[PDB]
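Okay, query_2.txt is below, compact mmCIF, N, CA, C and O atoms:
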```
# COMPACT_ATOMS: atom_id res chain seq x y z
N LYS A 220 9.64 -87.31 211.53
CA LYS A 220 8.83 -86.74 210.46
C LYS A 220 9.63 -86.56 209.17
O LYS A 220 9.11 -86.79 208.07
N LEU A 221 10.90 -86.19 209.28
CA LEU A 221 11.74 -86.03 208.10
C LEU A 221 12.00 -87.36 207.42
O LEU A 221 12.00 -87.44 206.19
N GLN A 222 12.22 -88.42 208.20
CA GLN A 222 12.41 -89.74 207.61
C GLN A 222 11.15 -90.20 206.89
O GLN A 222 11.23 -90.76 205.79
N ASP A 223 9.98 -89.92 207.46
CA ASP A 223 8.74 -90.27 206.77
C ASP A 223 8.58 -89.46 205.48
O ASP A 223 8.11 -89.99 204.47
N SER A 224 8.98 -88.19 205.49
CA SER A 224 8.87 -87.38 204.28
C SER A 224 9.81 -87.89 203.19
O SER A 224 9.44 -87.93 202.02
N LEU A 225 11.02 -88.30 203.57
CA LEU A 225 11.95 -88.83 202.58
C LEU A 225 11.46 -90.15 202.00
O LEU A 225 11.58 -90.39 200.80
N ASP A 226 10.87 -91.01 202.84
CA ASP A 226 10.37 -92.28 202.33
C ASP A 226 9.17 -92.09 201.43
O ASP A 226 9.08 -92.70 200.36
N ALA A 227 8.24 -91.21 201.82
CA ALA A 227 7.12 -90.89 200.95
C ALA A 227 7.58 -90.24 199.65
O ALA A 227 6.98 -90.48 198.60
N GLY A 228 8.65 -89.45 199.68
CA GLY A 228 9.15 -88.88 198.44
C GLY A 228 9.79 -89.90 197.52
O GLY A 228 9.64 -89.83 196.30
N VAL A 229 10.48 -90.89 198.09
CA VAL A 229 10.99 -91.98 197.27
C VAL A 229 9.84 -92.73 196.62
O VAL A 229 9.89 -93.08 195.44
N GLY A 230 8.76 -92.92 197.37
CA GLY A 230 7.59 -93.56 196.80
C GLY A 230 6.98 -92.74 195.69
O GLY A 230 6.54 -93.28 194.67
N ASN A 231 6.98 -91.41 195.84
CA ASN A 231 6.50 -90.55 194.77
C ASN A 231 7.35 -90.69 193.52
O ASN A 231 6.84 -90.62 192.41
N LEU A 232 8.65 -90.90 193.70
CA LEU A 232 9.51 -91.01 192.53
C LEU A 232 9.38 -92.35 191.80
O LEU A 232 9.41 -92.37 190.58
N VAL A 233 9.24 -93.47 192.51
CA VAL A 233 9.41 -94.76 191.85
C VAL A 233 8.15 -95.62 191.82
O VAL A 233 8.08 -96.52 190.98
N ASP A 234 7.17 -95.41 192.69
CA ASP A 234 6.06 -96.36 192.81
C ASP A 234 5.13 -96.32 191.60
O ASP A 234 4.82 -95.25 191.07
N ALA A 235 4.67 -97.49 191.19
CA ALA A 235 3.67 -97.61 190.15
C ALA A 235 2.28 -97.28 190.69
O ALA A 235 1.97 -97.52 191.86
N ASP A 236 1.44 -96.73 189.83
CA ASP A 236 0.01 -96.56 190.09
C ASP A 236 -0.68 -97.82 189.58
O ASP A 236 -0.91 -97.97 188.38
N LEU A 237 -1.00 -98.74 190.49
CA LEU A 237 -1.46 -100.04 190.05
C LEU A 237 -2.86 -100.01 189.46
O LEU A 237 -3.20 -100.86 188.63
N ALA A 238 -3.70 -99.06 189.88
CA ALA A 238 -5.01 -98.94 189.27
C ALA A 238 -4.91 -98.61 187.79
O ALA A 238 -5.65 -99.16 186.97
N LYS A 239 -3.96 -97.76 187.42
CA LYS A 239 -3.72 -97.47 186.00
C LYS A 239 -3.13 -98.68 185.28
O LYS A 239 -3.49 -98.97 184.12
N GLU A 240 -2.25 -99.42 185.95
CA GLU A 240 -1.64 -100.60 185.35
C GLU A 240 -2.66 -101.68 185.06
O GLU A 240 -2.49 -102.44 184.11
N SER A 241 -3.72 -101.80 185.87
CA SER A 241 -4.71 -102.83 185.59
C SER A 241 -5.42 -102.59 184.26
O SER A 241 -5.64 -103.53 183.48
N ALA A 242 -5.71 -101.33 183.95
CA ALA A 242 -6.30 -101.01 182.66
C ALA A 242 -5.32 -101.27 181.53
O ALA A 242 -5.70 -101.85 180.49
N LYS A 243 -4.06 -100.88 181.71
CA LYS A 243 -3.08 -101.14 180.67
C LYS A 243 -2.92 -102.64 180.43
O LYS A 243 -2.78 -103.08 179.29
N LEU A 244 -2.99 -103.43 181.50
CA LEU A 244 -2.82 -104.87 181.37
C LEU A 244 -3.95 -105.49 180.56
O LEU A 244 -3.71 -106.29 179.65
N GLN A 245 -5.19 -105.12 180.87
CA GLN A 245 -6.31 -105.68 180.13
C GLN A 245 -6.23 -105.32 178.65
O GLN A 245 -6.39 -106.18 177.77
N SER A 246 -5.96 -104.05 178.36
CA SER A 246 -5.91 -103.66 176.95
C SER A 246 -4.75 -104.32 176.22
O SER A 246 -4.90 -104.71 175.07
N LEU A 247 -3.60 -104.47 176.88
CA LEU A 247 -2.47 -105.12 176.22
C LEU A 247 -2.71 -106.60 175.98
O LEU A 247 -2.26 -107.14 174.97
N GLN A 248 -3.43 -107.28 176.87
CA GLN A 248 -3.75 -108.68 176.62
C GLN A 248 -4.69 -108.83 175.43
O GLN A 248 -4.51 -109.72 174.59
N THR A 249 -5.67 -107.92 175.31
CA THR A 249 -6.51 -107.93 174.12
C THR A 249 -5.69 -107.66 172.87
O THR A 249 -5.87 -108.31 171.84
N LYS A 250 -4.77 -106.70 172.95
CA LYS A 250 -3.94 -106.33 171.82
C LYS A 250 -3.04 -107.49 171.40
O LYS A 250 -2.81 -107.70 170.21
N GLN A 251 -2.56 -108.27 172.36
CA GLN A 251 -1.73 -109.43 172.03
C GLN A 251 -2.54 -110.51 171.33
O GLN A 251 -2.06 -111.12 170.37
N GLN A 252 -3.77 -110.77 171.79
CA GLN A 252 -4.59 -111.75 171.09
C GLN A 252 -4.93 -111.28 169.68
O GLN A 252 -4.91 -112.08 168.73
N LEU A 253 -5.19 -109.99 169.51
CA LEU A 253 -5.44 -109.47 168.17
C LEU A 253 -4.20 -109.55 167.30
O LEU A 253 -4.31 -109.78 166.10
N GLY A 254 -3.02 -109.38 167.88
CA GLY A 254 -1.81 -109.49 167.10
C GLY A 254 -1.54 -110.91 166.64
O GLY A 254 -1.10 -111.13 165.52
N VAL A 255 -1.85 -111.89 167.49
CA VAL A 255 -1.72 -113.27 167.07
C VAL A 255 -2.71 -113.58 165.95
O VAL A 255 -2.37 -114.25 164.97
N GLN A 256 -3.94 -113.06 166.05
CA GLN A 256 -4.91 -113.26 164.98
C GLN A 256 -4.49 -112.57 163.69
O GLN A 256 -4.66 -113.12 162.60
N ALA A 257 -3.91 -111.38 163.79
CA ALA A 257 -3.45 -110.68 162.59
C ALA A 257 -2.28 -111.40 161.94
O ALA A 257 -2.18 -111.44 160.71
N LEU A 258 -1.39 -111.97 162.75
CA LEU A 258 -0.31 -112.77 162.19
C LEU A 258 -0.84 -114.02 161.51
O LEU A 258 -0.35 -114.40 160.45
N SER A 259 -1.88 -114.64 162.08
CA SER A 259 -2.49 -115.78 161.40
C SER A 259 -3.08 -115.38 160.07
O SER A 259 -2.98 -116.11 159.08
N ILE A 260 -3.69 -114.19 160.01
CA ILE A 260 -4.24 -113.72 158.75
C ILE A 260 -3.14 -113.47 157.73
O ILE A 260 -3.26 -113.85 156.56
N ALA A 261 -2.04 -112.86 158.16
CA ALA A 261 -0.93 -112.61 157.24
C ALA A 261 -0.28 -113.91 156.78
O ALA A 261 0.22 -113.98 155.65
N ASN A 262 -0.27 -114.95 157.62
CA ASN A 262 0.33 -116.22 157.25
C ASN A 262 -0.41 -116.90 156.10
O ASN A 262 0.18 -117.74 155.42
N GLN A 263 -1.67 -116.55 155.88
CA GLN A 263 -2.51 -117.23 154.90
C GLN A 263 -2.28 -116.76 153.47
O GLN A 263 -2.91 -117.30 152.56
N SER A 264 -1.45 -115.74 153.26
CA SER A 264 -1.40 -115.10 151.94
C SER A 264 -0.89 -116.05 150.86
O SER A 264 -1.36 -115.99 149.72
N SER A 265 0.06 -116.92 151.19
CA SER A 265 0.65 -117.77 150.16
C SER A 265 -0.36 -118.77 149.62
O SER A 265 -0.29 -119.13 148.44
N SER A 266 -1.31 -119.20 150.44
CA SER A 266 -2.23 -120.24 150.02
C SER A 266 -3.32 -119.74 149.08
O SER A 266 -4.03 -120.55 148.49
N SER A 267 -3.48 -118.42 148.95
CA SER A 267 -4.51 -117.89 148.06
C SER A 267 -4.25 -118.23 146.60
O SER A 267 -5.20 -118.48 145.86
N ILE A 268 -2.98 -118.26 146.18
CA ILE A 268 -2.68 -118.50 144.77
C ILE A 268 -2.58 -119.97 144.42
O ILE A 268 -2.40 -120.30 143.24
N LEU A 269 -2.69 -120.86 145.39
CA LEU A 269 -2.66 -122.28 145.10
C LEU A 269 -3.82 -122.68 144.19
O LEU A 269 -3.69 -123.61 143.39
N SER A 270 -4.93 -121.95 144.28
CA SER A 270 -6.09 -122.22 143.45
C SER A 270 -5.84 -121.93 141.97
O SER A 270 -6.53 -122.51 141.13
N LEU A 271 -4.89 -121.07 141.65
CA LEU A 271 -4.63 -120.74 140.26
C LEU A 271 -3.88 -121.83 139.51
O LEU A 271 -3.76 -121.75 138.29
N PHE A 272 -3.36 -122.82 140.21
CA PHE A 272 -2.62 -123.89 139.57
C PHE A 272 -3.32 -125.22 139.79
O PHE A 272 -3.38 -126.05 138.90
N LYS B 220 4.56 -70.05 260.48
CA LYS B 220 3.67 -69.56 259.42
C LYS B 220 4.43 -69.32 258.12
O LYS B 220 3.90 -69.60 257.03
N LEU B 221 5.67 -68.85 258.20
CA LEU B 221 6.46 -68.63 256.99
C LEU B 221 6.81 -69.94 256.31
O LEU B 221 6.79 -70.03 255.08
N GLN B 222 7.14 -70.97 257.09
CA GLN B 222 7.42 -72.27 256.51
C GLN B 222 6.19 -72.84 255.82
O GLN B 222 6.28 -73.40 254.72
N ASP B 223 5.01 -72.66 256.42
CA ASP B 223 3.79 -73.11 255.75
C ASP B 223 3.53 -72.33 254.47
O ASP B 223 3.08 -72.90 253.48
N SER B 224 3.82 -71.03 254.47
CA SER B 224 3.63 -70.24 253.25
C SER B 224 4.58 -70.68 252.14
O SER B 224 4.18 -70.76 250.98
N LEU B 225 5.82 -70.99 252.49
CA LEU B 225 6.77 -71.44 251.49
C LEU B 225 6.38 -72.80 250.93
O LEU B 225 6.49 -73.04 249.72
N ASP B 226 5.88 -73.70 251.78
CA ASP B 226 5.48 -75.01 251.29
C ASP B 226 4.23 -74.93 250.42
O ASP B 226 4.17 -75.55 249.35
N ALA B 227 3.25 -74.12 250.82
CA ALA B 227 2.08 -73.90 249.98
C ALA B 227 2.46 -73.23 248.66
O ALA B 227 1.85 -73.53 247.64
N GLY B 228 3.46 -72.36 248.66
CA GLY B 228 3.89 -71.75 247.42
C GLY B 228 4.58 -72.72 246.49
O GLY B 228 4.39 -72.67 245.27
N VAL B 229 5.37 -73.64 247.04
CA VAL B 229 5.94 -74.69 246.21
C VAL B 229 4.84 -75.54 245.60
O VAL B 229 4.89 -75.90 244.41
N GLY B 230 3.80 -75.82 246.38
CA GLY B 230 2.67 -76.55 245.84
C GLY B 230 1.97 -75.79 244.73
O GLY B 230 1.56 -76.37 243.73
N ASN B 231 1.87 -74.47 244.88
CA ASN B 231 1.29 -73.66 243.82
C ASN B 231 2.12 -73.73 242.55
O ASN B 231 1.58 -73.71 241.45
N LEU B 232 3.44 -73.84 242.70
CA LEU B 232 4.28 -73.89 241.51
C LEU B 232 4.24 -75.24 240.79
O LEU B 232 4.23 -75.26 239.56
N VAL B 233 4.21 -76.36 241.51
CA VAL B 233 4.46 -77.63 240.85
C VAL B 233 3.28 -78.59 240.86
O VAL B 233 3.26 -79.51 240.02
N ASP B 234 2.30 -78.46 241.75
CA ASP B 234 1.28 -79.50 241.89
C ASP B 234 0.32 -79.54 240.71
O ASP B 234 -0.09 -78.51 240.18
N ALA B 235 -0.04 -80.75 240.32
CA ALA B 235 -1.07 -80.96 239.30
C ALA B 235 -2.46 -80.74 239.88
O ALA B 235 -2.72 -81.00 241.05
N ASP B 236 -3.36 -80.27 239.03
CA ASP B 236 -4.79 -80.21 239.33
C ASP B 236 -5.39 -81.52 238.84
O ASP B 236 -5.63 -81.70 237.65
N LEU B 237 -5.61 -82.46 239.76
CA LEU B 237 -5.98 -83.80 239.34
C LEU B 237 -7.39 -83.89 238.79
O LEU B 237 -7.67 -84.77 237.97
N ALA B 238 -8.29 -83.00 239.22
CA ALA B 238 -9.63 -83.00 238.65
C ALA B 238 -9.58 -82.68 237.16
O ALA B 238 -10.29 -83.29 236.37
N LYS B 239 -8.71 -81.75 236.76
CA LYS B 239 -8.54 -81.45 235.34
C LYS B 239 -7.87 -82.62 234.61
O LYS B 239 -8.23 -82.94 233.46
N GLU B 240 -6.91 -83.27 235.27
CA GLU B 240 -6.22 -84.40 234.65
C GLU B 240 -7.16 -85.57 234.39
O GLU B 240 -6.94 -86.32 233.44
N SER B 241 -8.18 -85.77 235.22
CA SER B 241 -9.10 -86.88 234.98
C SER B 241 -9.85 -86.71 233.67
O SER B 241 -10.01 -87.67 232.90
N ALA B 242 -10.26 -85.48 233.36
CA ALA B 242 -10.90 -85.21 232.08
C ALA B 242 -9.93 -85.40 230.93
O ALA B 242 -10.28 -86.02 229.90
N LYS B 243 -8.70 -84.91 231.08
CA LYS B 243 -7.73 -85.10 230.01
C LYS B 243 -7.45 -86.58 229.78
O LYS B 243 -7.30 -87.01 228.64
N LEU B 244 -7.43 -87.37 230.85
CA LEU B 244 -7.14 -88.79 230.72
C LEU B 244 -8.24 -89.50 229.94
O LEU B 244 -7.96 -90.28 229.03
N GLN B 245 -9.50 -89.23 230.29
CA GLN B 245 -10.59 -89.89 229.57
C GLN B 245 -10.57 -89.53 228.09
O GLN B 245 -10.68 -90.41 227.22
N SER B 246 -10.41 -88.24 227.78
CA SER B 246 -10.43 -87.86 226.38
C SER B 246 -9.23 -88.43 225.62
O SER B 246 -9.38 -88.84 224.47
N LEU B 247 -8.06 -88.48 226.25
CA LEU B 247 -6.90 -89.04 225.57
C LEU B 247 -7.02 -90.54 225.34
O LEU B 247 -6.55 -91.04 224.33
N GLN B 248 -7.67 -91.27 226.26
CA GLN B 248 -7.87 -92.69 226.02
C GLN B 248 -8.83 -92.92 224.85
O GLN B 248 -8.60 -93.80 224.01
N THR B 249 -9.88 -92.10 224.75
CA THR B 249 -10.74 -92.18 223.58
C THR B 249 -9.98 -91.86 222.31
O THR B 249 -10.12 -92.53 221.29
N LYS B 250 -9.14 -90.82 222.37
CA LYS B 250 -8.37 -90.40 221.21
C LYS B 250 -7.39 -91.48 220.78
O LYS B 250 -7.17 -91.68 219.58
N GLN B 251 -6.83 -92.22 221.73
CA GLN B 251 -5.91 -93.30 221.39
C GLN B 251 -6.64 -94.46 220.71
O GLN B 251 -6.14 -95.03 219.73
N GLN B 252 -7.83 -94.81 221.20
CA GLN B 252 -8.60 -95.86 220.53
C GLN B 252 -9.00 -95.43 219.12
O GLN B 252 -8.94 -96.23 218.18
N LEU B 253 -9.37 -94.16 218.95
CA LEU B 253 -9.70 -93.68 217.62
C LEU B 253 -8.48 -93.66 216.71
O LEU B 253 -8.60 -93.90 215.51
N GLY B 254 -7.30 -93.39 217.27
CA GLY B 254 -6.10 -93.41 216.45
C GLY B 254 -5.73 -94.80 216.00
O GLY B 254 -5.30 -95.00 214.87
N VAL B 255 -5.94 -95.79 216.86
CA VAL B 255 -5.71 -97.17 216.44
C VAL B 255 -6.69 -97.57 215.35
O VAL B 255 -6.32 -98.21 214.37
N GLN B 256 -7.96 -97.15 215.48
CA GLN B 256 -8.93 -97.44 214.44
C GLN B 256 -8.60 -96.72 213.13
O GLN B 256 -8.75 -97.29 212.04
N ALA B 257 -8.12 -95.48 213.20
CA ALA B 257 -7.75 -94.75 212.00
C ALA B 257 -6.54 -95.38 211.32
O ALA B 257 -6.46 -95.42 210.09
N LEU B 258 -5.59 -95.88 212.11
CA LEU B 258 -4.46 -96.59 211.53
C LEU B 258 -4.90 -97.88 210.87
O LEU B 258 -4.40 -98.23 209.80
N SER B 259 -5.87 -98.58 211.46
CA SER B 259 -6.40 -99.77 210.81
C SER B 259 -7.06 -99.43 209.48
O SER B 259 -6.92 -100.16 208.50
N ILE B 260 -7.76 -98.30 209.43
CA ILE B 260 -8.38 -97.88 208.19
C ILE B 260 -7.33 -97.55 207.14
O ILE B 260 -7.44 -97.94 205.98
N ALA B 261 -6.27 -96.84 207.54
CA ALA B 261 -5.21 -96.51 206.60
C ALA B 261 -4.46 -97.76 206.13
O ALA B 261 -3.99 -97.79 204.99
N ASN B 262 -4.35 -98.79 206.97
CA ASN B 262 -3.66 -100.01 206.59
C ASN B 262 -4.36 -100.75 205.47
O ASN B 262 -3.72 -101.54 204.78
N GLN B 263 -5.66 -100.51 205.27
CA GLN B 263 -6.46 -101.26 204.32
C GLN B 263 -6.31 -100.78 202.88
O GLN B 263 -6.90 -101.39 201.99
N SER B 264 -5.57 -99.70 202.64
CA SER B 264 -5.60 -99.07 201.32
C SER B 264 -5.04 -99.98 200.23
O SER B 264 -5.53 -99.97 199.10
N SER B 265 -4.01 -100.77 200.54
CA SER B 265 -3.38 -101.57 199.50
C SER B 265 -4.32 -102.66 198.99
O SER B 265 -4.24 -103.02 197.81
N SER B 266 -5.21 -103.16 199.83
CA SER B 266 -6.05 -104.28 199.44
C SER B 266 -7.20 -103.87 198.53
O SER B 266 -7.85 -104.74 197.96
N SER B 267 -7.47 -102.57 198.40
CA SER B 267 -8.56 -102.14 197.54
C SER B 267 -8.31 -102.46 196.07
O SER B 267 -9.25 -102.79 195.35
N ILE B 268 -7.06 -102.39 195.61
CA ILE B 268 -6.77 -102.61 194.20
C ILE B 268 -6.56 -104.07 193.85
O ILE B 268 -6.38 -104.40 192.67
N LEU B 269 -6.56 -104.96 194.84
CA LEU B 269 -6.43 -106.38 194.54
C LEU B 269 -7.57 -106.87 193.67
O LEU B 269 -7.39 -107.80 192.87
N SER B 270 -8.74 -106.24 193.78
CA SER B 270 -9.89 -106.61 192.98
C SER B 270 -9.71 -106.31 191.50
O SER B 270 -10.36 -106.95 190.67
N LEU B 271 -8.83 -105.38 191.14
CA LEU B 271 -8.63 -105.03 189.75
C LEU B 271 -7.81 -106.07 188.99
O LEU B 271 -7.73 -105.99 187.76
N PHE B 272 -7.20 -107.01 189.68
CA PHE B 272 -6.39 -108.02 189.03
C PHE B 272 -6.98 -109.40 189.27
O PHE B 272 -6.99 -110.24 188.38
```
Now, as a test, write the supplied structure out as structure tokens.
Amino acid sequence: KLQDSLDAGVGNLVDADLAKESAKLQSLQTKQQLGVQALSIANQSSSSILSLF
Amino acid sequence: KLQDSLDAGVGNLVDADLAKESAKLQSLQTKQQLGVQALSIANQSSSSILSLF
């Protein structure tokens, strides 16, 4: 029983809560796609003034 | 008569009541099958979160 308590305690210290990680994963993948889109938007700034010449 | 009394007394000290043991045996066999089923139920916990990924 003591060995089981020590192993369960190690699990309490280090184990991930995977149900929480699934939500973090979905939101981070959306955030990464939005960041790529935002970088594409920022990349376009130089071409705006080409029309002035 | 004294030898018979001593032998019957040893039987009073150590002999099992087998009619009582038959009931304990049936209930313990049911309890063991239920424990195997409960362990199977506990074994399934990790697979529940596979659906989240």
For chain A, work out the contacting residues on chain B at 12 Å, counting only C-alpha atoms, and write them as a compact mmCIF listing (two decimals) with N, CA, C and O atoms, keeping the file's coordinate frame.
```txt
# COMPACT_ATOMS: atom_id res chain seq x y z
N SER B 265 -4.01 -100.77 200.54
CA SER B 265 -3.38 -101.57 199.50
C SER B 265 -4.32 -102.66 198.99
O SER B 265 -4.24 -103.02 197.81
N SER B 266 -5.21 -103.16 199.83
CA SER B 266 -6.05 -104.28 199.44
C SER B 266 -7.20 -103.87 198.53
O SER B 266 -7.85 -104.74 197.96
N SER B 267 -7.47 -102.57 198.40
CA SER B 267 -8.56 -102.14 197.54
C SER B 267 -8.31 -102.46 196.07
O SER B 267 -9.25 -102.79 195.35
N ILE B 268 -7.06 -102.39 195.61
CA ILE B 268 -6.77 -102.61 194.20
C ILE B 268 -6.56 -104.07 193.85
O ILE B 268 -6.38 -104.40 192.67
N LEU B 269 -6.56 -104.96 194.84
CA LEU B 269 -6.43 -106.38 194.54
C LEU B 269 -7.57 -106.87 193.67
O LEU B 269 -7.39 -107.80 192.87
N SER B 270 -8.74 -106.24 193.78
CA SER B 270 -9.89 -106.61 192.98
C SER B 270 -9.71 -106.31 191.50
O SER B 270 -10.36 -106.95 190.67
N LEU B 271 -8.83 -105.38 191.14
CA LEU B 271 -8.63 -105.03 189.75
C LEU B 271 -7.81 -106.07 188.99
O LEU B 271 -7.73 -105.99 187.76
N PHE B 272 -7.20 -107.01 189.68
CA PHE B 272 -6.39 -108.02 189.03
C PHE B 272 -6.98 -109.40 189.27
O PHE B 272 -6.99 -110.24 188.38
```
Please, what is the axis-aligned box for every listed atom of region 224-243 of chain B with 5 Å on each side, as centre and edge lengths in Å to one decimal, as lines of an AutoDock Vina configuration file?
```
center_x = -2.1
center_y = -79.0
center_z = 241.6
size_x = 27.7
size_y = 27.4
size_z = 35.8
```
message: Could you pull out the alpha helix (DSSP H) residues of chain A, going by DSSP on the backbone, and write them as a PyMOL selection string?
response: chain A and resi 221-233+237-262
Atom pair atom O of residue 243 (chain A) / atom C of residue 261 (chain A): separation (Å):
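Atom-to-atom, atom O of residue 243 (chain A) and atom C of residue 261 (chain A) are spaced 25.1 Å apart.
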**Study point:** Gap from atom N of residue 235 (chain B) to atom N of residue 248 (chain B) - Å, one decimal
**Key:**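 Going from atom N of residue 235 (chain B) over to atom N of residue 248 (chain B) covers 19.1 Å.
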As a check of understanding: the span from atom C of residue 233 (chain B) to CA of residue 220 (chain B) is 20.6 Å
